[PDB]
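Undergrad: Just entry-v2.txt, nothing more (compact mmCIF, N, CA and C atoms):
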# COMPACT_ATOMS: atom_id res chain seq x y z
N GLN T 1 0.88 -1.26 0.00
CA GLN T 1 0.00 0.00 0.00
C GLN T 1 0.87 1.26 0.00
N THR T 2 0.71 2.12 -1.00
CA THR T 2 1.72 3.16 -1.37
C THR T 2 1.23 4.56 -1.00
N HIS T 3 -0.07 4.77 -0.98
CA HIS T 3 -0.66 6.12 -0.86
C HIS T 3 -1.95 6.02 -0.03
N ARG T 4 -2.44 7.18 0.41
CA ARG T 4 -3.74 7.27 1.11
C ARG T 4 -4.50 8.53 0.67
N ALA T 5 -5.79 8.38 0.40
CA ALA T 5 -6.67 9.51 0.04
C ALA T 5 -6.90 10.42 1.26
N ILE T 6 -6.86 11.74 1.06
CA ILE T 6 -7.04 12.71 2.18
C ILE T 6 -8.29 13.59 2.02
N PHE T 7 -9.01 13.49 0.91
CA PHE T 7 -10.24 14.27 0.65
C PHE T 7 -11.15 13.42 -0.24
N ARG T 8 -12.45 13.60 -0.07
CA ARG T 8 -13.45 12.90 -0.91
C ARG T 8 -13.34 13.35 -2.36
N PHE T 9 -13.32 12.39 -3.29
CA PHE T 9 -13.28 12.68 -4.74
C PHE T 9 -14.39 11.90 -5.40
N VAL T 10 -15.32 12.63 -5.98
CA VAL T 10 -16.46 12.05 -6.75
C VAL T 10 -16.21 12.24 -8.23
N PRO T 11 -16.03 11.15 -9.02
CA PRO T 11 -15.76 11.27 -10.44
C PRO T 11 -16.83 12.05 -11.23
N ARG T 12 -16.39 12.84 -12.22
CA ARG T 12 -17.26 13.35 -13.30
C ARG T 12 -17.00 12.63 -14.61
N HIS T 13 -15.90 11.88 -14.72
CA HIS T 13 -15.38 11.29 -15.99
C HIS T 13 -15.23 9.77 -15.79
N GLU T 14 -15.49 9.00 -16.84
CA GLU T 14 -15.56 7.51 -16.86
C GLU T 14 -14.21 6.91 -16.45
N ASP T 15 -13.08 7.60 -16.71
CA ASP T 15 -11.72 7.08 -16.42
C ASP T 15 -11.34 7.30 -14.94
N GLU T 16 -12.14 8.01 -14.16
CA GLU T 16 -11.76 8.46 -12.79
C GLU T 16 -12.09 7.40 -11.74
N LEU T 17 -11.34 7.41 -10.65
CA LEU T 17 -11.47 6.55 -9.46
C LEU T 17 -12.14 7.33 -8.34
N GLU T 18 -13.20 6.77 -7.77
CA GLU T 18 -13.86 7.35 -6.58
C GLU T 18 -12.99 7.12 -5.33
N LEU T 19 -12.84 8.18 -4.52
CA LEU T 19 -12.10 8.14 -3.23
C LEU T 19 -12.99 8.61 -2.09
N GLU T 20 -12.92 7.92 -0.96
CA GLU T 20 -13.36 8.44 0.35
C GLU T 20 -12.11 8.79 1.14
N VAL T 21 -12.28 9.73 2.05
CA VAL T 21 -11.20 10.07 3.02
C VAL T 21 -10.72 8.78 3.70
N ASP T 22 -9.39 8.62 3.73
CA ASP T 22 -8.65 7.54 4.43
C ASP T 22 -8.57 6.29 3.56
N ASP T 23 -9.01 6.31 2.30
CA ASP T 23 -8.88 5.09 1.45
C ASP T 23 -7.41 4.76 1.21
N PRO T 24 -6.96 3.52 1.50
CA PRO T 24 -5.63 3.08 1.13
C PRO T 24 -5.57 2.70 -0.37
N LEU T 25 -4.46 3.07 -1.00
CA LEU T 25 -4.27 3.02 -2.47
C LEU T 25 -2.94 2.36 -2.83
N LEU T 26 -2.92 1.71 -4.01
CA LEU T 26 -1.69 1.37 -4.77
C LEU T 26 -1.70 2.28 -6.00
N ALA T 27 -0.72 3.16 -6.12
CA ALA T 27 -0.80 4.25 -7.11
C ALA T 27 0.57 4.56 -7.70
N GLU T 28 0.55 5.11 -8.91
CA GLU T 28 1.74 5.55 -9.67
C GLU T 28 1.46 6.94 -10.23
N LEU T 29 2.29 7.91 -9.88
CA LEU T 29 2.14 9.30 -10.35
C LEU T 29 2.42 9.37 -11.85
N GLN T 30 1.51 9.99 -12.60
CA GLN T 30 1.71 10.35 -14.03
C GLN T 30 2.16 11.81 -14.02
N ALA T 31 3.48 12.03 -14.01
CA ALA T 31 4.05 13.35 -13.68
C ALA T 31 3.99 14.33 -14.87
N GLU T 32 3.61 13.88 -16.07
CA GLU T 32 3.39 14.80 -17.22
C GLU T 32 2.21 15.74 -16.89
N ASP T 33 1.22 15.32 -16.09
CA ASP T 33 0.05 16.19 -15.78
C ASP T 33 -0.43 16.04 -14.34
N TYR T 34 0.28 15.31 -13.47
CA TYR T 34 0.01 15.25 -12.01
C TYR T 34 -1.39 14.66 -11.75
N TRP T 35 -1.67 13.54 -12.41
CA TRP T 35 -2.76 12.60 -12.01
C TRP T 35 -2.09 11.30 -11.55
N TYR T 36 -2.72 10.60 -10.62
CA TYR T 36 -2.38 9.21 -10.21
C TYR T 36 -3.19 8.23 -11.06
N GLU T 37 -2.54 7.15 -11.46
CA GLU T 37 -3.21 5.89 -11.88
C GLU T 37 -3.22 5.00 -10.63
N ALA T 38 -4.37 4.50 -10.22
CA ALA T 38 -4.50 3.86 -8.90
C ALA T 38 -5.52 2.71 -8.84
N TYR T 39 -5.29 1.86 -7.84
CA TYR T 39 -6.20 0.80 -7.34
C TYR T 39 -6.57 1.21 -5.91
N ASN T 40 -7.86 1.26 -5.64
CA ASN T 40 -8.48 1.55 -4.33
C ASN T 40 -8.58 0.25 -3.54
N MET T 41 -7.76 0.10 -2.50
CA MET T 41 -7.71 -1.17 -1.74
C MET T 41 -8.97 -1.33 -0.86
N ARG T 42 -9.80 -0.30 -0.68
CA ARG T 42 -11.07 -0.46 0.07
C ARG T 42 -12.10 -1.03 -0.91
N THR T 43 -12.24 -0.45 -2.10
CA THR T 43 -13.38 -0.80 -2.99
C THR T 43 -13.00 -1.86 -4.03
N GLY T 44 -11.71 -1.98 -4.35
CA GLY T 44 -11.21 -2.81 -5.46
C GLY T 44 -11.34 -2.14 -6.82
N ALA T 45 -11.75 -0.86 -6.90
CA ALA T 45 -11.89 -0.12 -8.16
C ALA T 45 -10.54 0.42 -8.64
N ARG T 46 -10.45 0.69 -9.95
CA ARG T 46 -9.25 1.29 -10.60
C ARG T 46 -9.65 2.56 -11.36
N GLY T 47 -8.69 3.47 -11.52
CA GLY T 47 -8.86 4.63 -12.38
C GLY T 47 -7.89 5.72 -12.00
N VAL T 48 -8.18 6.94 -12.46
CA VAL T 48 -7.26 8.10 -12.28
C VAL T 48 -7.90 9.12 -11.36
N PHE T 49 -7.05 9.91 -10.71
CA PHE T 49 -7.53 11.04 -9.89
C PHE T 49 -6.40 12.08 -9.77
N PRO T 50 -6.76 13.35 -9.49
CA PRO T 50 -5.77 14.42 -9.42
C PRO T 50 -4.84 14.26 -8.21
N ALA T 51 -3.55 14.54 -8.39
CA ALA T 51 -2.50 14.08 -7.46
C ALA T 51 -2.67 14.63 -6.03
N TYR T 52 -3.14 15.85 -5.85
CA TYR T 52 -3.15 16.46 -4.50
C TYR T 52 -4.25 15.88 -3.60
N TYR T 53 -5.04 14.91 -4.06
CA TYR T 53 -6.01 14.18 -3.23
C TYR T 53 -5.36 13.04 -2.43
N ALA T 54 -4.07 12.76 -2.58
CA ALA T 54 -3.43 11.64 -1.85
C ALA T 54 -2.05 12.01 -1.34
N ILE T 55 -1.66 11.39 -0.22
CA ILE T 55 -0.27 11.44 0.32
C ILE T 55 0.42 10.10 0.05
N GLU T 56 1.74 10.12 -0.02
CA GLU T 56 2.58 8.90 -0.07
C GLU T 56 2.74 8.36 1.36
N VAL T 57 2.62 7.04 1.52
CA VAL T 57 2.90 6.37 2.82
C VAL T 57 4.11 5.42 2.65
N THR T 58 4.99 5.38 3.63
CA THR T 58 6.19 4.49 3.63
C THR T 58 6.85 4.55 5.01
N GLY I 1 -21.91 47.67 -11.81
CA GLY I 1 -21.91 46.48 -10.95
C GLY I 1 -20.59 45.73 -11.05
N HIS I 2 -20.18 45.12 -9.95
CA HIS I 2 -18.93 44.34 -9.80
C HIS I 2 -19.28 42.97 -9.22
N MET I 3 -18.54 41.94 -9.63
CA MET I 3 -18.47 40.63 -8.94
C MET I 3 -17.12 40.55 -8.20
N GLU I 4 -17.23 40.20 -6.70
CA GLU I 4 -15.97 40.00 -5.97
C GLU I 4 -15.41 38.61 -6.32
N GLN I 5 -14.09 38.52 -6.41
CA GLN I 5 -13.37 37.22 -6.43
C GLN I 5 -13.91 36.31 -5.32
N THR I 6 -14.15 35.04 -5.61
CA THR I 6 -14.71 34.10 -4.61
C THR I 6 -13.63 33.15 -4.08
N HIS I 7 -12.68 32.73 -4.91
CA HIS I 7 -11.76 31.62 -4.57
C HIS I 7 -10.37 31.89 -5.15
N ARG I 8 -9.41 31.09 -4.72
CA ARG I 8 -8.02 31.19 -5.16
C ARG I 8 -7.48 29.77 -5.31
N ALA I 9 -6.83 29.48 -6.44
CA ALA I 9 -6.23 28.15 -6.64
C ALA I 9 -5.02 27.97 -5.72
N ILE I 10 -4.87 26.79 -5.12
CA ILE I 10 -3.69 26.51 -4.23
C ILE I 10 -2.78 25.41 -4.78
N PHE I 11 -3.23 24.63 -5.77
CA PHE I 11 -2.41 23.57 -6.41
C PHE I 11 -2.54 23.68 -7.93
N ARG I 12 -1.47 23.32 -8.62
CA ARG I 12 -1.44 23.25 -10.09
C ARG I 12 -2.42 22.17 -10.56
N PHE I 13 -3.29 22.50 -11.50
CA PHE I 13 -4.23 21.51 -12.09
C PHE I 13 -4.10 21.56 -13.61
N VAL I 14 -3.72 20.42 -14.18
CA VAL I 14 -3.54 20.22 -15.64
C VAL I 14 -4.67 19.33 -16.12
N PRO I 15 -5.61 19.87 -16.90
CA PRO I 15 -6.76 19.10 -17.38
C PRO I 15 -6.37 17.82 -18.11
N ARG I 16 -7.18 16.79 -17.89
CA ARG I 16 -7.23 15.59 -18.75
C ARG I 16 -8.50 15.57 -19.58
N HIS I 17 -9.50 16.39 -19.24
CA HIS I 17 -10.86 16.27 -19.83
C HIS I 17 -11.29 17.61 -20.42
N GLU I 18 -12.06 17.59 -21.50
CA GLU I 18 -12.45 18.77 -22.32
C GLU I 18 -13.17 19.82 -21.47
N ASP I 19 -13.88 19.44 -20.40
CA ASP I 19 -14.73 20.40 -19.63
C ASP I 19 -13.92 21.06 -18.50
N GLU I 20 -12.64 20.73 -18.33
CA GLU I 20 -11.86 21.15 -17.14
C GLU I 20 -11.19 22.50 -17.38
N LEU I 21 -10.97 23.19 -16.27
CA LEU I 21 -10.31 24.51 -16.21
C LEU I 21 -8.87 24.32 -15.71
N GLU I 22 -7.90 24.81 -16.47
CA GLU I 22 -6.48 24.80 -16.06
C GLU I 22 -6.24 25.84 -14.95
N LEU I 23 -5.51 25.44 -13.92
CA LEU I 23 -5.12 26.30 -12.79
C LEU I 23 -3.60 26.31 -12.63
N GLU I 24 -3.08 27.50 -12.38
CA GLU I 24 -1.76 27.73 -11.77
C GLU I 24 -1.95 28.16 -10.32
N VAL I 25 -0.96 27.85 -9.49
CA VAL I 25 -0.96 28.26 -8.08
C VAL I 25 -1.23 29.78 -8.01
N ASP I 26 -2.14 30.14 -7.10
CA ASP I 26 -2.55 31.54 -6.76
C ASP I 26 -3.49 32.15 -7.81
N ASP I 27 -3.97 31.40 -8.79
CA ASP I 27 -4.93 31.96 -9.79
C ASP I 27 -6.21 32.44 -9.09
N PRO I 28 -6.65 33.69 -9.39
CA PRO I 28 -7.92 34.21 -8.89
C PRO I 28 -9.13 33.66 -9.66
N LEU I 29 -10.19 33.30 -8.93
CA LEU I 29 -11.36 32.59 -9.48
C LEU I 29 -12.68 33.26 -9.08
N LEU I 30 -13.64 33.21 -10.01
CA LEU I 30 -15.08 33.28 -9.69
C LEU I 30 -15.66 31.87 -9.84
N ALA I 31 -16.24 31.31 -8.78
CA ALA I 31 -16.57 29.86 -8.77
C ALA I 31 -17.78 29.56 -7.90
N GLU I 32 -18.49 28.51 -8.29
CA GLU I 32 -19.66 28.01 -7.55
C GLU I 32 -19.50 26.50 -7.36
N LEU I 33 -19.58 26.06 -6.11
CA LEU I 33 -19.44 24.63 -5.74
C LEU I 33 -20.67 23.86 -6.24
N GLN I 34 -20.45 22.72 -6.91
CA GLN I 34 -21.52 21.76 -7.29
C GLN I 34 -21.56 20.68 -6.22
N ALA I 35 -22.56 20.73 -5.32
CA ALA I 35 -22.57 19.90 -4.09
C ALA I 35 -22.76 18.41 -4.42
N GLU I 36 -23.31 18.04 -5.58
CA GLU I 36 -23.53 16.58 -5.84
C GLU I 36 -22.18 15.86 -6.05
N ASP I 37 -21.12 16.56 -6.42
CA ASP I 37 -19.83 15.86 -6.66
C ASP I 37 -18.61 16.68 -6.22
N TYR I 38 -18.77 17.86 -5.62
CA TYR I 38 -17.63 18.66 -5.09
C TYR I 38 -16.61 18.96 -6.20
N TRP I 39 -17.13 19.39 -7.34
CA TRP I 39 -16.37 20.11 -8.37
C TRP I 39 -16.87 21.56 -8.35
N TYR I 40 -15.99 22.51 -8.67
CA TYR I 40 -16.35 23.93 -8.93
C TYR I 40 -16.62 24.11 -10.43
N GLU I 41 -17.68 24.87 -10.76
CA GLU I 41 -17.87 25.58 -12.05
C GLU I 41 -17.21 26.94 -11.91
N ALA I 42 -16.25 27.26 -12.77
CA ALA I 42 -15.41 28.45 -12.50
C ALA I 42 -14.98 29.23 -13.74
N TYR I 43 -14.62 30.48 -13.48
CA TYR I 43 -13.97 31.42 -14.41
C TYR I 43 -12.62 31.80 -13.82
N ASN I 44 -11.56 31.61 -14.60
CA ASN I 44 -10.18 31.95 -14.18
C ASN I 44 -9.92 33.41 -14.55
N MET I 45 -9.80 34.27 -13.53
CA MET I 45 -9.76 35.72 -13.76
C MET I 45 -8.42 36.12 -14.41
N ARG I 46 -7.37 35.30 -14.31
CA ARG I 46 -6.06 35.58 -14.99
C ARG I 46 -6.11 35.16 -16.47
N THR I 47 -6.65 33.98 -16.77
CA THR I 47 -6.55 33.41 -18.14
C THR I 47 -7.79 33.74 -18.97
N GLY I 48 -8.91 34.07 -18.34
CA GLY I 48 -10.21 34.28 -19.01
C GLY I 48 -10.86 32.98 -19.45
N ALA I 49 -10.32 31.82 -19.07
CA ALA I 49 -10.93 30.50 -19.40
C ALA I 49 -12.05 30.15 -18.42
N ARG I 50 -12.94 29.25 -18.84
CA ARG I 50 -14.03 28.69 -18.01
C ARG I 50 -13.92 27.17 -18.01
N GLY I 51 -14.38 26.54 -16.94
CA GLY I 51 -14.54 25.09 -16.87
C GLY I 51 -14.68 24.63 -15.43
N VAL I 52 -14.51 23.33 -15.22
CA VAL I 52 -14.69 22.68 -13.89
C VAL I 52 -13.34 22.24 -13.33
N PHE I 53 -13.26 22.16 -12.00
CA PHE I 53 -12.07 21.60 -11.31
C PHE I 53 -12.48 21.06 -9.96
N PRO I 54 -11.69 20.12 -9.40
CA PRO I 54 -12.07 19.48 -8.15
C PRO I 54 -11.88 20.39 -6.93
N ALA I 55 -12.81 20.30 -5.98
CA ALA I 55 -12.98 21.28 -4.89
C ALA I 55 -11.72 21.49 -4.04
N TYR I 56 -10.89 20.47 -3.79
CA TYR I 56 -9.73 20.58 -2.86
C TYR I 56 -8.66 21.53 -3.43
N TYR I 57 -8.73 21.86 -4.74
CA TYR I 57 -7.68 22.66 -5.44
C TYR I 57 -7.85 24.17 -5.22
N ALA I 58 -8.88 24.61 -4.50
CA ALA I 58 -9.07 26.07 -4.25
C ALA I 58 -9.53 26.33 -2.82
N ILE I 59 -9.19 27.53 -2.32
CA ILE I 59 -9.67 28.06 -1.02
C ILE I 59 -10.62 29.24 -1.28
N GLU I 60 -11.47 29.53 -0.30
CA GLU I 60 -12.34 30.72 -0.29
C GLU I 60 -11.53 31.96 0.08
N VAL I 61 -11.83 33.09 -0.53
CA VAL I 61 -11.16 34.38 -0.22
C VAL I 61 -12.15 35.27 0.53
N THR I 62 -11.65 36.38 1.43
CA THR I 62 -12.53 37.38 2.16
C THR I 62 -11.98 38.79 1.92
Please re-express this file's structure in structure tokens.
TA:
Amino acid sequence: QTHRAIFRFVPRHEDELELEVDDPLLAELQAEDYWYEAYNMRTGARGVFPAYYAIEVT
Amino acid sequence: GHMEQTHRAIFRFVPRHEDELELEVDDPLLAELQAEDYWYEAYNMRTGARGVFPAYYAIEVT
């Protein structure tokens, strides 16, 4: 588990991942435009979300 | 008549989607929160562009 969601994110777009506060994530930063590609370890869903909605954990 | 600035961008936002508004840090905004999904409908007072962006990317101004 690499990251954690810090704010609620409700998708508007089909490619986006829904986040609740405190969701644990496996994620990779797409640094060309600062979106994460991620797997939500609470829901099992996949998709993208804007980078400042998550912190790195280690 | 005047409209006061409502919000200020705090993080860089680079659109992936046609309806989105590009933000640079400290950009001045006129914006209205959409409560069903916590996106703003906004006008960027620096760039003159319009579109949507996610709520955590801006603060309220006074």
Undergrad: One decimal, in Å: what's the spacing between atom N of residue 27 of chain T and atom CA of residue 38 of chain I?
TA: 23.0 Å
Undergrad: Select, from T:40, T:9, T:46, T:15, the residue with the minimum atom-to-atom distance to chain I, counting all atoms listed in the file.
TA: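 The closest residue to chain I is T:9.
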Undergrad: How far is it from atom CA of residue 19 of chain T to atom CA of residue 53 of chain I, in Å with one decimal?
TA: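 We find that atom CA of residue 19 of chain T and atom CA of residue 53 of chain I lie 15.7 Å from each other.
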Undergrad: Restricting the calculation to only C-alpha atoms: of I:2, I:8, I:50, I:16, which residue gets closest to chain T?
TA: I:16
Undergrad: At a cut-off of 8 Å, list the chain T residues touching chain I, using all atoms listed in the file, as an MDAnalysis selection string.
TA: chainID T and resid 7:13 32:35 50:53
Undergrad: Could you check which of T:17, T:41, T:31, T:25 is closest to residue 54 of chain T, using only C-alpha atoms?
TA: T:25
Undergrad: Report the distance between atom C of residue 43 of chain I and atom C of residue 62 of chain I in Å, rounded to one decimal place.
TA: 17.2 Å
Undergrad: For residue 48 of chain T, which residue among T:5, T:18, T:29, T:36 is the nearest when counting only C-alpha atoms?
TA: T:36
Undergrad: So that I can check the secondary structure, give me every residue of chain T assigned strand (DSSP E or B) by backbone DSSP, as a JSON list (two decimals) with N, CA and C atoms, in the frame of the given file.
TA:
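Just written: selection20.json:
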[["chain", "number", "residue", "atom", "x", "y", "z"],
["T", 3, "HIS", "N", -0.07, 4.77, -0.98],
["T", 3, "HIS", "CA", -0.66, 6.12, -0.86],
["T", 3, "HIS", "C", -1.95, 6.02, -0.03],
["T", 4, "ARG", "N", -2.44, 7.18, 0.41],
["T", 4, "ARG", "CA", -3.74, 7.27, 1.11],
["T", 4, "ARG", "C", -4.50, 8.53, 0.67],
["T", 5, "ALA", "N", -5.79, 8.38, 0.40],
["T", 5, "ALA", "CA", -6.67, 9.51, 0.04],
["T", 5, "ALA", "C", -6.90, 10.42, 1.26],
["T", 9, "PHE", "N", -13.32, 12.39, -3.29],
["T", 9, "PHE", "CA", -13.28, 12.68, -4.74],
["T", 9, "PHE", "C", -14.39, 11.90, -5.40],
["T", 16, "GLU", "N", -12.14, 8.01, -14.16],
["T", 16, "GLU", "CA", -11.76, 8.46, -12.79],
["T", 16, "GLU", "C", -12.09, 7.40, -11.74],
["T", 19, "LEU", "N", -12.84, 8.18, -4.52],
["T", 19, "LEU", "CA", -12.10, 8.14, -3.23],
["T", 19, "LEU", "C", -12.99, 8.61, -2.09],
["T", 24, "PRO", "N", -6.96, 3.52, 1.50],
["T", 24, "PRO", "CA", -5.63, 3.08, 1.13],
["T", 24, "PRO", "C", -5.57, 2.70, -0.37],
["T", 25, "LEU", "N", -4.46, 3.07, -1.00],
["T", 25, "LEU", "CA", -4.27, 3.02, -2.47],
["T", 25, "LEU", "C", -2.94, 2.36, -2.83],
["T", 26, "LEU", "N", -2.92, 1.71, -4.01],
["T", 26, "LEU", "CA", -1.69, 1.37, -4.77],
["T", 26, "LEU", "C", -1.70, 2.28, -6.00],
["T", 27, "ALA", "N", -0.72, 3.16, -6.12],
["T", 27, "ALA", "CA", -0.80, 4.25, -7.11],
["T", 27, "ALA", "C", 0.57, 4.56, -7.70],
["T", 28, "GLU", "N", 0.55, 5.11, -8.91],
["T", 28, "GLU", "CA", 1.74, 5.55, -9.67],
["T", 28, "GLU", "C", 1.46, 6.94, -10.23],
["T", 29, "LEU", "N", 2.29, 7.91, -9.88],
["T", 29, "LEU", "CA", 2.14, 9.30, -10.35],
["T", 29, "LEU", "C", 2.42, 9.37, -11.85],
["T", 30, "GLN", "N", 1.51, 9.99, -12.60],
["T", 30, "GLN", "CA", 1.71, 10.35, -14.03],
["T", 30, "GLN", "C", 2.16, 11.81, -14.02],
["T", 35, "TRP", "N", -1.67, 13.54, -12.41],
["T", 35, "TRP", "CA", -2.76, 12.60, -12.01],
["T", 35, "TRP", "C", -2.09, 11.30, -11.55],
["T", 36, "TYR", "N", -2.72, 10.60, -10.62],
["T", 36, "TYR", "CA", -2.38, 9.21, -10.21],
["T", 36, "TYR", "C", -3.19, 8.23, -11.06],
["T", 37, "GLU", "N", -2.54, 7.15, -11.46],
["T", 37, "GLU", "CA", -3.21, 5.89, -11.88],
["T", 37, "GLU", "C", -3.22, 5.00, -10.63],
["T", 38, "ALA", "N", -4.37, 4.50, -10.22],
["T", 38, "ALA", "CA", -4.50, 3.86, -8.90],
["T", 38, "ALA", "C", -5.52, 2.71, -8.84],
["T", 39, "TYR", "N", -5.29, 1.86, -7.84],
["T", 39, "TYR", "CA", -6.20, 0.80, -7.34],
["T", 39, "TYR", "C", -6.57, 1.21, -5.91],
["T", 40, "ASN", "N", -7.86, 1.26, -5.64],
["T", 40, "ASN", "CA", -8.48, 1.55, -4.33],
["T", 40, "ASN", "C", -8.58, 0.25, -3.54],
["T", 46, "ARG", "N", -10.45, 0.69, -9.95],
["T", 46, "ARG", "CA", -9.25, 1.29, -10.60],
["T", 46, "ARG", "C", -9.65, 2.56, -11.36],
["T", 47, "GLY", "N", -8.69, 3.47, -11.52],
["T", 47, "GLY", "CA", -8.86, 4.63, -12.38],
["T", 47, "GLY", "C", -7.89, 5.72, -12.00],
["T", 48, "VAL", "N", -8.18, 6.94, -12.46],
["T", 48, "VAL", "CA", -7.26, 8.10, -12.28],
["T", 48, "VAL", "C", -7.90, 9.12, -11.36],
["T", 49, "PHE", "N", -7.05, 9.91, -10.71],
["T", 49, "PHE", "CA", -7.53, 11.04, -9.89],
["T", 49, "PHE", "C", -6.40, 12.08, -9.77],
["T", 50, "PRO", "N", -6.76, 13.35, -9.49],
["T", 50, "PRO", "CA", -5.77, 14.42, -9.42],
["T", 50, "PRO", "C", -4.84, 14.26, -8.21],
["T", 54, "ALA", "N", -4.07, 12.76, -2.58],
["T", 54, "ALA", "CA", -3.43, 11.64, -1.85],
["T", 54, "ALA", "C", -2.05, 12.01, -1.34],
["T", 55, "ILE", "N", -1.66, 11.39, -0.22],
["T", 55, "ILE", "CA", -0.27, 11.44, 0.32],
["T", 55, "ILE", "C", 0.42, 10.10, 0.05],
["T", 56, "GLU", "N", 1.74, 10.12, -0.02],
["T", 56, "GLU", "CA", 2.58, 8.90, -0.07],
["T", 56, "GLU", "C", 2.74, 8.36, 1.36]]
